[PDB]
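A single chain comes next, written as structure tokens; it is the form deposited in one PDB entry.
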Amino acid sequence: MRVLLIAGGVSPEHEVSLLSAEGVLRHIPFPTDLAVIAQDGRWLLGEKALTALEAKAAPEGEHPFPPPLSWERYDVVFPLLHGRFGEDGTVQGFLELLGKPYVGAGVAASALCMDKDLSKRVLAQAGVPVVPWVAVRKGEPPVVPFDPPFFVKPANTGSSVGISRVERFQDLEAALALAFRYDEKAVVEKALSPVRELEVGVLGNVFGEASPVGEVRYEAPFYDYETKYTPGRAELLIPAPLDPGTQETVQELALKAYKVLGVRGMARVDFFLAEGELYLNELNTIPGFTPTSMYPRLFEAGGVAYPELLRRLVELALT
């Protein structure tokens, strides 16, 4: 069994993807070769891909897309590209046409779970509680049916890039412009204060197996990029310090969401606990595997070690 790991990407999470690649390459129980997509869209192969991993960033690539790599010597392809052009169905689409079995969600599921507006629309219709929001397009005046504090985010982000905590209605125009630098569409959600952040991992093809619920606590305005990746800043509490009844309800809503969206392989479902009420934030089809990441730590506490978790992903790709 030979696996091809693709990491990097043109998205703002390029550096996160490379850190995720370190975590996967060190624990994958199968012979694996790395391929890096540099920030300019061009690929780096072989030894140049491994050298880019040591630098934690790869700005320039060698090979223009489609890369002259031998796809036939790989049984499974593992796309570990977070964000736009990687987790949104584009690379999955290319892999579908190539006929190569791949890890993770398909085209539709990847495209849906990456669009914060559309994913919430599907979830709300399925009877899953979501935070009340409104979608704002670029060049269109902001019509918000609710009062501040807000949470302005680009519809396609990850790693809290372009996300702002808006307190006044005056600060909305400036936060939307920051959001519009990464996407043509943005969401304006209602901020929950105080809030406990619950995260659960899922494994399986459509009908999943849930991991124990975990909690994230911090000393920052919100769970931002700095808090997410700089060591020791975030408090990863596995298992989550709450009532065993609401711990079961988190797992049930996660598995229900997974099935509705038709997700394959994996996902880490983020939740919000605000005054007894549970709300679903988002689903991430290609979650992080960085040293401070939640997904592999959740399954480690569930009796499923790091080499076993990655082995199960490769097996789900083939089935």
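When you see a residue number, it is the position in the sequence shown, counting from 1. Think of the rigid core as the biggest set of C-alphas that the two forms share within 1.5 Å after superposition.
Not on display, but discussed next: the form deposited in another entry.
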Taking only shifts of 2 Å or more in Cα after a rigid core superposition between the shown form and the other one, tell me which of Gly208, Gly104, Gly89, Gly158 qualifies. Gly158
With the core lined up, does the C-alpha of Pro59 move 2 Å or more between the shown form and the other one? no
Following rigid core alignment, is the displacement of the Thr292 C-alpha between the shown form and the other one equal to or greater than 2 angstroms? yes
Rigid-core frame, C-alpha of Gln170, shift of 2 angstroms or more between the shown form and the other one: yes
Given that the distance between the C-alpha atoms of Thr157 and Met294 changes by 3 Å or more in that other deposited form, do they end up closer or farther than here? farther
If the C-alpha spacing of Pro291 and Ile28 moves by 3 Å or more in that other deposited form, is that a move closer or farther apart? closer
